[PDB]
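Quick notes on the structure that follows.
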Amino acid sequence: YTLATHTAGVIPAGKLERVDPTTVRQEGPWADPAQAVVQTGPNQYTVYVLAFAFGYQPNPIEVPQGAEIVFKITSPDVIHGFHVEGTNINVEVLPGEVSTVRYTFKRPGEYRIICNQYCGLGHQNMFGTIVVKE
Amino acid sequence: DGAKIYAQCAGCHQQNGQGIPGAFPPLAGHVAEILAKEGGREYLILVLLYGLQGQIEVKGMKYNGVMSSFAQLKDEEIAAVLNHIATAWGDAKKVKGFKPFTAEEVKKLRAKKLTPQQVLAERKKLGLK
Ligand code: HEC
Ligand code: CUA
């Protein structure tokens, strides 16, 4: 039933989006926390999220509710995870791999991202901040 | 040099040295605060080599992140960025007799394998919440 609805957006894209995790933080859509949110259609906004060492860029991830947000998260170092507490977003973030997930926030508030995937001694404190605008 | 490594600091603390509220603490007008403490300079190196991880409260603002363990960088590089940031904002000019970070101080700490989770205690021991 999930594949027969827009709920399938919470599932990572089937298309491969491999890039260079070394310069992805210096050159590219993940090299600027300002132009991270780019409109890609009617009420559709693509947000590039860079998941580096114990951090997430941009932060806090401010996005509008009632719109289709195309989250494109990638890692420039080790493996990470994009599990937003309070949502259905649970996708793995690999190094140099752009995990694309389409979400639609129907409720505002502050959400914390839980990085399930290991990463150093402070992997448990790797909590990103998401703020959906009402 | 210090500028080359500064590019890495900009990834979280930005080029403004303000950071992100609730994620990354500020450096401008904060390094001097630590440099004035007994062992504050050592902490600055430890927080770079290994890091820190908790919910520190700077100026009443609490965060929830982790310092990046720049152990992959050379001792000279680690000291270079420290000297660069301290002189960049001029925080090193707000202390009496600022001693430039030397690779020697980095080496002595690099030999002592610690964890960012343990550094949290060391930081709080200095009175830093
Ligand atoms: C994200 C990948 C970071 C990068 C890159 C750098 N720092 Fe950082 N730093 C980060 C966090 C999340 C924190 C706070 C940890 C927490 O528990 O919330 C810090 C902290 C510091 C501090 C200490 C501040 C304090 O004790 O009040 C310093 C001095 C510091 N960071 C320095 C620093 C330098 C020089 C960097 C480039 C070499 C650098 N940081 C990068 C996250 C990140
Ligand atoms: Cu990044 Cu766990």
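Identifiers in the structure tokens: chain A, B, ... in order shown; residue index from 1 per chain; ligand index from 1 in order shown.
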
Within 8 Å of ligand 1 (only C-alpha atoms and all ligand atoms), residues as a PyMOL selection string: (chain A and resi 52-56+125) or (chain B and resi 5-13+22-27+30-31+34+44+47-48+51-58+62-68+70+78+81-82+85+120+123+128)

Dump as a compact mmCIF listing (two decimals), in the first residue's frame, selection limited to C-alpha atoms:
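Contents of part-v4.txt, as written:
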# COMPACT_ATOMS: atom_id res chain seq x y z
CA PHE A 52 29.68 15.38 8.14
CA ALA A 53 31.57 14.52 11.32
CA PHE A 54 28.97 14.75 14.10
CA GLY A 55 27.13 17.49 12.24
CA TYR A 56 24.52 18.34 9.63
CA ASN A 125 25.56 12.80 20.14
CA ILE B 5 43.02 24.08 8.26
CA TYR B 6 40.58 26.93 8.97
CA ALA B 7 38.59 25.71 5.96
CA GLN B 8 37.66 22.63 7.98
CA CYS B 9 36.49 24.71 10.94
CA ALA B 10 34.23 26.69 8.59
CA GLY B 11 32.27 23.51 7.92
CA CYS B 12 30.61 23.74 11.33
CA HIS B 13 31.74 26.94 13.08
CA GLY B 22 22.13 24.13 19.51
CA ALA B 23 24.77 22.39 17.41
CA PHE B 24 28.07 24.27 17.14
CA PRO B 25 29.41 26.76 19.73
CA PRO B 26 31.06 30.12 18.86
CA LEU B 27 34.80 30.74 18.91
CA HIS B 30 35.29 32.57 23.57
CA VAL B 31 38.81 31.30 22.93
CA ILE B 34 39.42 29.44 27.83
CA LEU B 44 41.93 23.60 23.06
CA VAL B 47 39.24 19.28 21.81
CA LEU B 48 40.94 19.28 18.41
CA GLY B 51 37.19 16.50 20.68
CA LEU B 52 34.24 16.89 23.01
CA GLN B 53 30.72 15.47 23.15
CA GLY B 54 27.87 16.59 25.37
CA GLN B 55 25.45 19.43 25.99
CA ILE B 56 27.67 22.37 26.84
CA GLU B 57 26.17 25.73 27.70
CA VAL B 58 27.96 28.75 26.28
CA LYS B 62 23.14 24.75 25.15
CA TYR B 63 24.43 22.68 22.25
CA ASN B 64 24.40 19.01 21.27
CA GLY B 65 27.23 18.03 18.97
CA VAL B 66 30.72 16.56 18.89
CA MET B 67 34.11 18.02 18.03
CA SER B 68 35.81 16.45 15.03
CA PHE B 70 41.51 16.02 13.79
CA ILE B 78 46.71 21.49 14.63
CA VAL B 81 44.94 26.49 13.15
CA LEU B 82 44.85 27.18 16.89
CA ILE B 85 41.99 31.39 15.10
CA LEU B 120 33.71 16.52 28.64
CA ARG B 123 36.01 20.83 30.39
CA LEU B 128 32.81 25.28 31.84

With ligand 2 as the partner and 9 Å as the cut-off, tabulate the residues of chain A that qualify, each row holding the nearest pair of atoms and their distance in Å to one decimal, using only C-alpha atoms and all ligand atoms, sorted by chain and rising number, as a tab-separated table.
residue	atom	partner	partner_atom_place_in_ligand_line	distance
A:51	CA	ligand 2	1 (Cu)	7.5
A:52	CA	ligand 2	1 (Cu)	7.5
A:53	CA	ligand 2	1 (Cu)	6.7
A:54	CA	ligand 2	1 (Cu)	5.8
A:55	CA	ligand 2	1 (Cu)	7.9
A:75	CA	ligand 2	1 (Cu)	8.9
A:78	CA	ligand 2	1 (Cu)	7.3
A:79	CA	ligand 2	1 (Cu)	6.2
A:80	CA	ligand 2	1 (Cu)	3.9
A:81	CA	ligand 2	1 (Cu)	6.0
A:82	CA	ligand 2	1 (Cu)	8.6
A:93	CA	ligand 2	1 (Cu)	8.5
A:114	CA	ligand 2	2 (Cu)	7.6
A:115	CA	ligand 2	2 (Cu)	4.2
A:116	CA	ligand 2	2 (Cu)	5.1
A:117	CA	ligand 2	2 (Cu)	4.1
A:118	CA	ligand 2	2 (Cu)	3.9
A:119	CA	ligand 2	2 (Cu)	4.6
A:120	CA	ligand 2	2 (Cu)	7.7
A:122	CA	ligand 2	2 (Cu)	7.9
A:123	CA	ligand 2	2 (Cu)	4.3
A:124	CA	ligand 2	2 (Cu)	6.3
A:125	CA	ligand 2	2 (Cu)	8.1
A:126	CA	ligand 2	1 (Cu)	5.8
A:127	CA	ligand 2	1 (Cu)	8.5

Mind dumping the selected residues with N, CA and C atoms as a PDB file, in the first residue's frame?
ATOM      1  N   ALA A  51      25.911  15.591   5.713  1.00  0.00           N
ATOM      2  CA  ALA A  51      26.093  14.951   7.006  1.00  0.00           C
ATOM      3  C   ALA A  51      27.558  14.646   7.250  1.00  0.00           C
ATOM      4  N   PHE A  52      28.267  15.578   7.867  1.00  0.00           N
ATOM      5  CA  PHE A  52      29.682  15.382   8.137  1.00  0.00           C
ATOM      6  C   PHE A  52      29.916  14.867   9.554  1.00  0.00           C
ATOM      7  N   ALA A  53      31.160  14.975  10.002  1.00  0.00           N
ATOM      8  CA  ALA A  53      31.568  14.522  11.322  1.00  0.00           C
ATOM      9  C   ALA A  53      30.749  15.149  12.446  1.00  0.00           C
ATOM     10  N   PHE A  54      29.825  14.354  12.983  1.00  0.00           N
ATOM     11  CA  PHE A  54      28.968  14.754  14.103  1.00  0.00           C
ATOM     12  C   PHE A  54      28.172  16.028  13.823  1.00  0.00           C
ATOM     13  N   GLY A  55      27.877  16.297  12.560  1.00  0.00           N
ATOM     14  CA  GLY A  55      27.130  17.492  12.239  1.00  0.00           C
ATOM     15  C   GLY A  55      26.281  17.347  10.995  1.00  0.00           C
ATOM     16  N   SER A  75      27.320  12.120   2.684  1.00  0.00           N
ATOM     17  CA  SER A  75      28.364  12.199   3.688  1.00  0.00           C
ATOM     18  C   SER A  75      29.737  12.367   3.044  1.00  0.00           C
ATOM     19  N   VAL A  78      32.520   9.413   6.952  1.00  0.00           N
ATOM     20  CA  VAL A  78      32.137   8.025   7.196  1.00  0.00           C
ATOM     21  C   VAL A  78      30.634   7.827   7.050  1.00  0.00           C
ATOM     22  N   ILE A  79      30.163   6.624   7.345  1.00  0.00           N
ATOM     23  CA  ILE A  79      28.742   6.317   7.231  1.00  0.00           C
ATOM     24  C   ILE A  79      27.922   7.072   8.279  1.00  0.00           C
ATOM     25  N   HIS A  80      26.726   7.482   7.889  1.00  0.00           N
ATOM     26  CA  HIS A  80      25.826   8.195   8.781  1.00  0.00           C
ATOM     27  C   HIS A  80      24.397   7.742   8.532  1.00  0.00           C
ATOM     28  N   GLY A  81      23.464   8.275   9.299  1.00  0.00           N
ATOM     29  CA  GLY A  81      22.079   7.903   9.137  1.00  0.00           C
ATOM     30  C   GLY A  81      21.162   9.085   9.317  1.00  0.00           C
ATOM     31  N   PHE A  82      20.116   9.144   8.517  1.00  0.00           N
ATOM     32  CA  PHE A  82      19.165  10.235   8.591  1.00  0.00           C
ATOM     33  C   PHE A  82      17.833   9.739   9.134  1.00  0.00           C
ATOM     34  N   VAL A  93      22.957   7.165   5.158  1.00  0.00           N
ATOM     35  CA  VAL A  93      23.751   8.166   4.466  1.00  0.00           C
ATOM     36  C   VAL A  93      25.178   7.659   4.296  1.00  0.00           C
ATOM     37  N   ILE A 114      18.450  11.585  14.340  1.00  0.00           N
ATOM     38  CA  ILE A 114      19.225  10.570  15.030  1.00  0.00           C
ATOM     39  C   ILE A 114      20.057   9.777  14.029  1.00  0.00           C
ATOM     40  N   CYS A 115      21.370   9.874  14.147  1.00  0.00           N
ATOM     41  CA  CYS A 115      22.261   9.152  13.257  1.00  0.00           C
ATOM     42  C   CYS A 115      22.497   7.742  13.772  1.00  0.00           C
ATOM     43  N   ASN A 116      21.656   6.814  13.344  1.00  0.00           N
ATOM     44  CA  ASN A 116      21.746   5.417  13.766  1.00  0.00           C
ATOM     45  C   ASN A 116      23.093   4.782  13.406  1.00  0.00           C
ATOM     46  N   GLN A 117      23.629   5.113  12.236  1.00  0.00           N
ATOM     47  CA  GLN A 117      24.903   4.549  11.797  1.00  0.00           C
ATOM     48  C   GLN A 117      26.078   5.101  12.606  1.00  0.00           C
ATOM     49  N   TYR A 118      26.976   4.191  12.993  1.00  0.00           N
ATOM     50  CA  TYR A 118      28.167   4.508  13.787  1.00  0.00           C
ATOM     51  C   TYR A 118      29.003   5.622  13.148  1.00  0.00           C
ATOM     52  N   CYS A 119      29.916   6.203  13.940  1.00  0.00           N
ATOM     53  CA  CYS A 119      30.789   7.286  13.482  1.00  0.00           C
ATOM     54  C   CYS A 119      31.554   7.904  14.652  1.00  0.00           C
ATOM     55  N   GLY A 120      32.728   7.370  14.956  1.00  0.00           N
ATOM     56  CA  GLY A 120      33.531   7.914  16.040  1.00  0.00           C
ATOM     57  C   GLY A 120      32.961   7.638  17.423  1.00  0.00           C
ATOM     58  N   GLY A 122      31.710   9.900  19.389  1.00  0.00           N
ATOM     59  CA  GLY A 122      30.581  10.771  19.662  1.00  0.00           C
ATOM     60  C   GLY A 122      29.451  10.568  18.684  1.00  0.00           C
ATOM     61  N   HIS A 123      29.314   9.349  18.201  1.00  0.00           N
ATOM     62  CA  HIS A 123      28.275   9.027  17.242  1.00  0.00           C
ATOM     63  C   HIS A 123      26.885   9.147  17.863  1.00  0.00           C
ATOM     64  N   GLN A 124      26.799   8.944  19.170  1.00  0.00           N
ATOM     65  CA  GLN A 124      25.523   8.995  19.873  1.00  0.00           C
ATOM     66  C   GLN A 124      25.035  10.429  20.078  1.00  0.00           C
ATOM     67  N   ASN A 125      25.934  11.399  19.948  1.00  0.00           N
ATOM     68  CA  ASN A 125      25.562  12.797  20.136  1.00  0.00           C
ATOM     69  C   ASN A 125      25.371  13.497  18.798  1.00  0.00           C
ATOM     70  N   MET A 126      25.475  12.734  17.715  1.00  0.00           N
ATOM     71  CA  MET A 126      25.300  13.286  16.377  1.00  0.00           C
ATOM     72  C   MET A 126      23.814  13.482  16.099  1.00  0.00           C
ATOM     73  N   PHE A 127      23.262  14.544  16.670  1.00  0.00           N
ATOM     74  CA  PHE A 127      21.850  14.857  16.525  1.00  0.00           C
ATOM     75  C   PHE A 127      21.644  16.173  15.783  1.00  0.00           C
TER      76      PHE A 127
END

Of B:14, B:69, B:83, B:102, the one sitting nearest residue B:116 when using only C-alpha atoms is B:69

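Using only C-alpha atoms, the protein and nucleic acid residues lying no more than 7 Å from residue B:75, apart from those fewer than 5 places from it along its own chain, are residues 103, 106 and 107 of chain B.
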
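Take the candidates B:80, B:114, B:45, B:35 and check each one against chain A using only C-alpha atoms; the shortest distance goes to B:114.
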
Could you name the residues that touch stretch 9-18 of chain A at 10 Å or less, counting only C-alpha atoms, but leaving out those on the same chain fewer than 3 positions away, as an NGL selection string? :A and (2-3 or 5-6 or 21 or 68-72 or 74 or 87-92 or 94-104)

Can you write out the residues you just picked, keeping N, CA and C atoms, as a short mmCIF file (atom, residue, chain, number, x, y, z; two decimals), in the first residue's frame?
data_model
loop_
_atom_site.label_atom_id
_atom_site.label_comp_id
_atom_site.auth_asym_id
_atom_site.auth_seq_id
_atom_site.Cartn_x
_atom_site.Cartn_y
_atom_site.Cartn_z
N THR A 2 2.04 1.18 0.63
CA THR A 2 2.95 2.31 0.70
C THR A 2 3.44 2.72 -0.69
N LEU A 3 3.64 1.73 -1.55
CA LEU A 3 4.11 1.99 -2.91
C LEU A 3 2.98 2.52 -3.78
N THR A 5 1.00 4.84 -2.75
CA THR A 5 0.72 6.16 -2.21
C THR A 5 1.97 7.03 -2.26
N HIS A 6 1.84 8.28 -1.83
CA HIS A 6 2.97 9.20 -1.81
C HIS A 6 3.91 8.86 -0.66
N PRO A 21 33.04 12.53 -2.13
CA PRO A 21 32.83 13.00 -0.75
C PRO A 21 33.94 13.93 -0.26
N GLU A 68 6.29 19.30 -0.73
CA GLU A 68 7.11 18.12 -0.95
C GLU A 68 8.58 18.50 -0.88
N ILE A 69 9.24 18.03 0.15
CA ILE A 69 10.64 18.32 0.36
C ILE A 69 11.51 17.15 -0.09
N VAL A 70 12.32 17.39 -1.10
CA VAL A 70 13.22 16.37 -1.63
C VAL A 70 14.55 16.45 -0.89
N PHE A 71 14.69 15.62 0.13
CA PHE A 71 15.91 15.60 0.92
C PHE A 71 17.01 14.82 0.23
N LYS A 72 18.13 15.48 0.01
CA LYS A 72 19.29 14.85 -0.61
C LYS A 72 20.47 14.94 0.34
N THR A 74 24.07 13.52 1.91
CA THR A 74 25.29 12.81 1.55
C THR A 74 26.34 13.01 2.64
N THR A 87 9.34 11.45 12.66
CA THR A 87 8.93 11.34 11.27
C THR A 87 9.12 9.91 10.76
N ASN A 88 8.89 9.72 9.47
CA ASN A 88 9.06 8.41 8.85
C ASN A 88 10.36 8.38 8.07
N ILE A 89 11.21 9.38 8.31
CA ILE A 89 12.49 9.46 7.62
C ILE A 89 13.53 8.59 8.30
N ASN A 90 13.89 7.51 7.64
CA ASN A 90 14.88 6.57 8.14
C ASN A 90 15.69 6.03 6.97
N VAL A 91 16.66 6.82 6.52
CA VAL A 91 17.49 6.43 5.40
C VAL A 91 18.98 6.47 5.77
N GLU A 92 19.76 5.60 5.16
CA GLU A 92 21.19 5.53 5.42
C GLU A 92 21.93 6.57 4.58
N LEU A 94 25.50 7.24 3.09
CA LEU A 94 26.83 6.70 2.80
C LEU A 94 27.77 7.80 2.30
N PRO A 95 29.09 7.61 2.45
CA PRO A 95 30.10 8.58 2.01
C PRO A 95 30.13 8.73 0.49
N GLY A 96 29.85 9.94 0.02
CA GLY A 96 29.85 10.21 -1.41
C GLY A 96 28.61 9.71 -2.10
N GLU A 97 27.65 9.25 -1.31
CA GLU A 97 26.39 8.75 -1.85
C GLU A 97 25.27 9.69 -1.45
N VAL A 98 24.51 10.16 -2.43
CA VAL A 98 23.41 11.07 -2.16
C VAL A 98 22.10 10.32 -1.99
N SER A 99 21.67 10.19 -0.75
CA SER A 99 20.42 9.51 -0.44
C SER A 99 19.26 10.47 -0.63
N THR A 100 18.43 10.21 -1.64
CA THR A 100 17.29 11.06 -1.94
C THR A 100 16.00 10.50 -1.34
N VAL A 101 15.34 11.31 -0.54
CA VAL A 101 14.08 10.94 0.10
C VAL A 101 13.08 12.09 0.01
N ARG A 102 11.86 11.79 -0.42
CA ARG A 102 10.83 12.81 -0.56
C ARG A 102 9.89 12.77 0.63
N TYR A 103 9.87 13.84 1.41
CA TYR A 103 9.02 13.91 2.58
C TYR A 103 8.05 15.07 2.50
N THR A 104 6.95 14.96 3.22
CA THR A 104 5.95 16.00 3.26
C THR A 104 5.52 16.26 4.70
#

If you count only C-alpha atoms, which residues fall within 12 Å of residue B:111, apart from same-chain ones fewer than 5 positions away, as a list in words? residues 46, 49, 50, 71, 75, 104, 105 and 106 of chain B

DSSP on the backbone: what in stretch 39-107 of chain B comes out helix (DSSP H, G or I), as a PyMOL selection string? chain B and resi 40-49+75-88+91-93+103-107

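Shell of stretch 24-33 of chain A at 7 Å, with only C-alpha atoms counted and residues fewer than 3 places along the chain excluded, is residues 20, 21, 36, 48, 49, 50, 57, 58 and 76 of chain A.
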
Using N, CA, C and O atoms, can you export the residues from the last selection as a compact mmCIF listing (two decimals), in the first residue's frame?
# COMPACT_ATOMS: atom_id res chain seq x y z
N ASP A 20 31.88 12.72 -5.33
CA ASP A 20 33.12 12.72 -4.57
C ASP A 20 32.90 13.33 -3.19
O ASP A 20 32.60 14.52 -3.08
N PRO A 21 33.04 12.53 -2.13
CA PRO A 21 32.83 13.00 -0.75
C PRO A 21 33.94 13.93 -0.26
O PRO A 21 33.80 14.58 0.77
N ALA A 36 20.80 25.74 0.11
CA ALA A 36 20.56 24.33 0.36
C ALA A 36 19.14 23.95 -0.04
O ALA A 36 18.87 22.82 -0.42
N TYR A 48 19.44 20.07 0.04
CA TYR A 48 20.70 19.36 0.09
C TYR A 48 21.25 19.37 1.51
O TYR A 48 21.50 20.43 2.07
N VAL A 49 21.40 18.19 2.10
CA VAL A 49 21.90 18.09 3.46
C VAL A 49 23.24 17.36 3.49
O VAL A 49 23.37 16.24 2.98
N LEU A 50 24.23 18.01 4.07
CA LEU A 50 25.56 17.44 4.19
C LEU A 50 25.75 16.90 5.60
O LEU A 50 25.74 17.65 6.57
N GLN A 57 24.61 19.90 7.77
CA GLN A 57 24.55 21.20 7.12
C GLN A 57 23.47 21.20 6.05
O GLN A 57 23.43 20.29 5.22
N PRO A 58 22.58 22.19 6.04
CA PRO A 58 22.58 23.28 7.02
C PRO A 58 21.90 22.89 8.32
O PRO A 58 21.30 21.82 8.42
N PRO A 76 30.56 13.27 3.59
CA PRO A 76 31.91 13.52 3.09
C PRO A 76 32.99 12.76 3.87
O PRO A 76 34.18 12.86 3.55

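Comparing the minimum interatomic distances between chain A and each of B:127, B:59, B:87, B:119, counting only C-alpha atoms, we find that B:119 sits nearest.
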
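The space separating atom CA of residue B:124 from atom CA of residue B:73 comes to 26.2 Å.
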
Please give the complete set of residues from stretch 18-113 of chain A that DSSP, run on the backbone, assigns to strand (DSSP E), formatted as a PyMOL selection string. chain A and resi 37-41+44-52+55-57+61-64+68-74+80-84+90-93+99-104+109-113
